[PDB]
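Asks: need a structure here:
(one chain, ligands or ions: 2)
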Amino acid sequence: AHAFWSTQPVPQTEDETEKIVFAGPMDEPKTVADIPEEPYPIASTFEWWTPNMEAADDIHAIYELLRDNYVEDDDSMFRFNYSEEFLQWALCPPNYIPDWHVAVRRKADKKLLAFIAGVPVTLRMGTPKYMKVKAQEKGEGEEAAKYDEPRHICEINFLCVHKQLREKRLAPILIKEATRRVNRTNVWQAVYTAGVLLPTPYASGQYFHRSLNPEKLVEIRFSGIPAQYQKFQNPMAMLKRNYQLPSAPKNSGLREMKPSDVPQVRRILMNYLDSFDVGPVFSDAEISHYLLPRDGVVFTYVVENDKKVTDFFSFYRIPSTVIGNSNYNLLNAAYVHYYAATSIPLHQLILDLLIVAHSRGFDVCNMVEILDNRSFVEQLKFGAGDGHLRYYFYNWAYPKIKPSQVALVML
Ligand SMILES: CCCCCCCCCCCCCC(=O)SCCNC(=O)CCNC(=O)[C@H](O)C(C)(C)COP(=O)(O)OP(=O)(O)OC[C@H]1O[C@@H](n2cnc3c(N)ncnc32)[C@H](O)[C@@H]1OP(=O)(O)O
Ligand SMILES: COc1cccc(CC(=N)NC(=O)c2ccccc2OC2CCNCC2)c1
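Replies: Numbers count the residues shown, from 1 in each chain. Ligands and ions are numbered 1, 2, ... in the order given. Sure, the structure comes next:
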């Protein structure tokens, strides 16, 4: 059923995954010495290319490939339009490996045809808490705890094959070449997400959306006017009333994050993330990179209420091309990122996220039900969407867990 994925070190069925109790590798160990030096074979009219993601014209090439060929919804109404500044941010975190940015281009004219990117991440991915409880009942705590140390692994994103080269088995070649380059750096696990079902997720979370500009969202068919709003004399007026927000944040001491906040944000964030079964571990430099504000890309606010920072939230921006509607060019979406609340209820913290996003002209706020995102869905008028983000590991056996046990935000 899966001519490529049946050859890979991933659990092959939900039934296999349901049987996994402890975290650990799928493969017996390999060595860097075992891995081919030479890039994976490709047709001789193509070549491998490692873009320099600190070079504006190489970023622009990838930007255009993804603008025209990256993820669409199933109804080909919207297509992500990640910006050039977003790609630089996403692809170049501290200690990133340039060789893990993998492209295919035509040899003759250097046209970019396909892309996949890996970045390093330090992830806790040991056996989940409940399975450790049972393991300790049975005298198996040691085996269950064996892989508890945060691991330096690869996070994969931005897999894209030009629309004219689809269904030619080029994505398996991309994946094999990325695997080779990662393996050559002595890393043997990856984490990735997808909206499609592949063998085999360890978690799956529904999408959620919070309308900020419902008139536009209805016009572009992101949203509809539900049937119950039809029993109003003015359905759209009542939809705008449902979703209206303050212009000014409510929390005293809210302000944008600055570099001197990095140590305190790291502390409260890590204290929080550490309570989840799967979660990243961030250095000061990584907190700085992934959370300090960057115009048009990432937006991060702290609560510093006559006291050291006690709370913070972040969101990032991905516009989507409105490919199915001529009246608008872009859908300006905010995505809930990391946050931590120690002094105020989480719903009060995230209400200010929505207030700030609306004031900055975002049309919708999106998230997946990871972290404690379910805890403010109803009060803040998030609605469940039509899809799921599935979380996967490469070469890591892992029990099925709930999405509320996942603390890794993907970009
Ligand atoms: C240790 C280090 C390891 C590093 C690697 C870790 C693994 C990383 C894995 C990648 C994580 C990516 C995370 C993200 O970026 S998810 C975002 C993926 N990108 C898009 O959706 C953008 C638009 N679509 C395209 O560009 C193409 O349709 C793609 C490139 C998706 C497939 O190209 P194409 O449509 O021309 O098909 P093919 O004939 O070449 O290939 C068909 C095979 O590809 C399998 N397929 C289809 N969709 C996906 C998918 N999203 N992840 C993994 N595999 C996928 C499919 O089941 C089939 O295999 P099998 O069913 O026959 O077995
Ligand atoms: C808004 O316009 C578009 C354009 C293309 C596809 C889709 C469907 C979708 N794949 N949504 C998410 O992945 C997603 C949903 C909710 C929260 C976060 C989401 O995605 C993130 C960014 C993509 N990488 C994973 C996180 C929507």
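Asks: Residue 26 sits in which helix or strand?
Replies: For residue 26, there is no enclosing helix or strand under DSSP states H and E.
Asks: Would you map the strands across the protein?
Replies: 46-49, 78-80, 101-106, 112-124, 151-161, 190-194, 203-211, 254-256, 279-280, 298-303, 311-322, 330-341, 364-368, 383-394 (DSSP state E).
Asks: which residues does residue 202 contact?
Replies: 17, 278, 391, 392, 393, 398, 399, 400, 401 (CB atoms under 8 Å, 6 or more residues apart in numbering). No exception for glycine: its C-beta is placed from N, CA and C like everyone else's.
Asks: okay, now the residue in the stretch 251-400 of the chain that ligand 1 sits nearest to: neighbour count?
Replies: Proximity of the stretch 251-400 of the chain to ligand 1 (CB to the nearest ligand atom) peaks at residue 394, 3.8 Å away. Using other CB atoms under 10 Å as the criterion, residue 394 is surrounded by 21 other residues.
Asks: Please apply the same query to residue 299.
Replies: Residue 299 - counted by other CB under 10 Å - has 23 other residues nearby.
Asks: Return the residues in contact with the nearest residue to it once chain neighbours are set aside.
Replies: The spatially closest residue to residue 299, leaving aside those adjacent along the chain, is residue 315, at 5.3 Å (CB to CB, 6 or more residues apart in numbering). The contact partners of residue 315, taken as CB under 8 Å, 6+ apart, are 298, 299, 334, 335, 336, 337, 353, 357, 365.
Asks: Show me what the last one is bridged to.
Replies: So that's residue 365. residue 210, residue 334 (DSSP bridges).
Asks: Wait, it touches residue 217, no?
Replies: No - contact criterion CB atoms under 8 Å: residue 365 and residue 217 do not qualify, at 11.4 Å.
Asks: so residue 313 bridges to which residues?
Replies: The partner residues for residue 313, given DSSP bridges, come to residue 301, residue 339.
Asks: Check whether it really touches residue 348, as I assumed.
Replies: No - using CB under 8 Å, residue 313 makes no contact with residue 348, being 10.6 Å away.
Asks: Pick out whichever of these two has more residues nearby.
Replies: residue 313 (26 against 17).
Asks: Next up, the contacts around that one.
Replies: 300, 301, 336, 337, 338, 339, 349, 350, 352, 353.
Asks: Run a quick neighbour tally on the last one.
Replies: It stands for residue 353. If we define neighbours as other CB under 10 Å, then residue 353 has 25 of them.
Asks: before we move on, the earlier item: closest one to ligand 2 out of the contacts of residue 202, please.
Replies: Distances from ligand 2 to these, taken by CB to the nearest ligand atom, are shortest for residue 391, at 10.0 Å.
Asks: how much space between that closest one and residue 92?
Replies: Applying CB to CB, to the nearest Å, the value for residue 391 to residue 92 is 23 Å.
Asks: More neighbours: which of these two?
Replies: Set side by side, residue 391 and residue 92 show more neighbours around residue 391, with 23 against 17, by other CB under 10 Å.
Asks: I'd assumed residue 197 was in contact with the more buried one.
Replies: No - judged on CB under 8 Å, residue 391 makes no contact with residue 197 at a distance of 11.9 Å.
Asks: residues from the stretch 1-150 of the chain in reach of ligand 1?
Replies: Proximity of the stretch 1-150 of the chain to ligand 1, by CB under 6 Å from any ligand atom, involves residues 2, 3, 4, 5, 69, 70, 71.
Asks: Flag every residue of the chain that's near ligand 2.
Replies: Contact residues, the chain versus ligand 2 (CB under 6 Å from any ligand atom): 71-73, 78-80, 193, 195, 207, 318, 320, 331, 333, 335, 366-368, 387, 389, 410.
Asks: Counting neighbours, which of the residues you listed end up buried?
Replies: 71-73, 78-80, 193, 207, 318, 320, 331, 333, 335, 366-368, 389, 410 (16 or more other CB atoms under 10 Å).
Asks: In contact with the residue of the stretch 251-400 of the chain closest to ligand 1, which residues are there?
Replies: By CB under 8 Å, 6+ apart, the contact set of residue 394 is 8, 9, 10, 154, 156, 179, 189, 190, 191, 192.
Asks: could these be laid out in TSV, adding distance to residue 107 and neighbour count?
Replies: Listed next are those as TSV, based on distance: CB to CB, whole Å; neighbours: other CB atoms under 10 Å:
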residue	distance to residue 107	neighbour count
8	28	18
9	32	16
10	32	21
154	27	25
156	25	25
179	23	24
189	33	20
190	28	21
191	33	23
192	29	19
